[PDB]
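Take a look at this single chain, the form deposited in one PDB entry, given in structure tokens.
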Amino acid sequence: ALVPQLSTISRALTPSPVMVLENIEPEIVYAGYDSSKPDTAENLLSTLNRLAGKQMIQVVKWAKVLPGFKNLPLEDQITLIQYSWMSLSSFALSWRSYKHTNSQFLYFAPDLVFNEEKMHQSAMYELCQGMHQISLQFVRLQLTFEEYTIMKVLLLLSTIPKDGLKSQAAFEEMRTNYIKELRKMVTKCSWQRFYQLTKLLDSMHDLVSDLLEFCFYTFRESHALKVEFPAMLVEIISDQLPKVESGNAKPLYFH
């Protein structure tokens, strides 16, 4: 006569966290690249920035439905996103390059694929090589989509403020849960692969530092360099630059 609150049906039908990530993976975004304009550094970079703005809008929508992310306080939900935006951007860039081009090119968007030439023309050739190296690693490792999605969540939880987050305890829980996910995922029916993946995540820090250095530089000199940044990026970079440059961003490592 009393309706049970617990639900055996609901509990069994609930998809795995790995299945939820697959369900919420953002759809590919177009850059709106106009090949009728010359491929100068000013145009290529502005285009990339516009693409970045469109991508971050989807990343935010992704962060709202991310399991466990809602357990953290709002302030720690914005800081983590502003701190890891470059890392998520570069890592998703490598995944698309790997899946869509076998890591032969940098697949920024279906309408914008960089070959060596555009890499030189972009005026950030070495950085492009840096991100392309990660794509090559996806091939040697035969990274799987499941491994990818988990790794991306970890990147979102890879950089925190020096003084700490509002809920450092809640943060530690979520990060631990996802590291577990990757742990059980890399398990054959294992430690060497888990090692290769963790070191891959760690290497993202130095790469991201280099990308950010170029980003902060082009941002402060955008007028002189004529590189346009969309609203979404001005917001993110205006908050991140003074924090990163002041030694207030702490990177988390596995090794």
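One rule holds for the numbers: they count along the sequence shown, beginning at 1.
What comes next is about the form deposited with a partner chain bound, which is not displayed.
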### Query
Of these, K61, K226, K37, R220, which has a heavy atom no more than 4.5 Å from the partner chain in the bound PDB entry?
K61
### Query
Which one of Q121, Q137, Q82, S90 is close to the partner chain in the bound PDB entry, taking close to mean a heavy atom within 4.5 Å?
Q82
#### Entry: the partner chain contact at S103 in the bound PDB entry, heavy atom, 4.5 Å
no
### Message
How about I28 - does it come within 4.5 Å of the partner chain in the bound PDB entry, if we only consider non-hydrogen atoms?
### Response
no
### Message
So in the bound PDB entry, is the partner chain close enough to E245 to count as touching (4.5 Å, heavy atoms)?
### Response
no
#### Entry: Stretch in contact in the bound PDB entry with the partner chain, which is absent here, among 71-79, 107-115, 94-102, 128-136 (heavy atoms within 4.5 Å)
71-79
#### Entry: Three-residue site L143, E147 and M185 fully in contact with the partner chain in the bound PDB entry at 4.5 Å by heavy atom
no
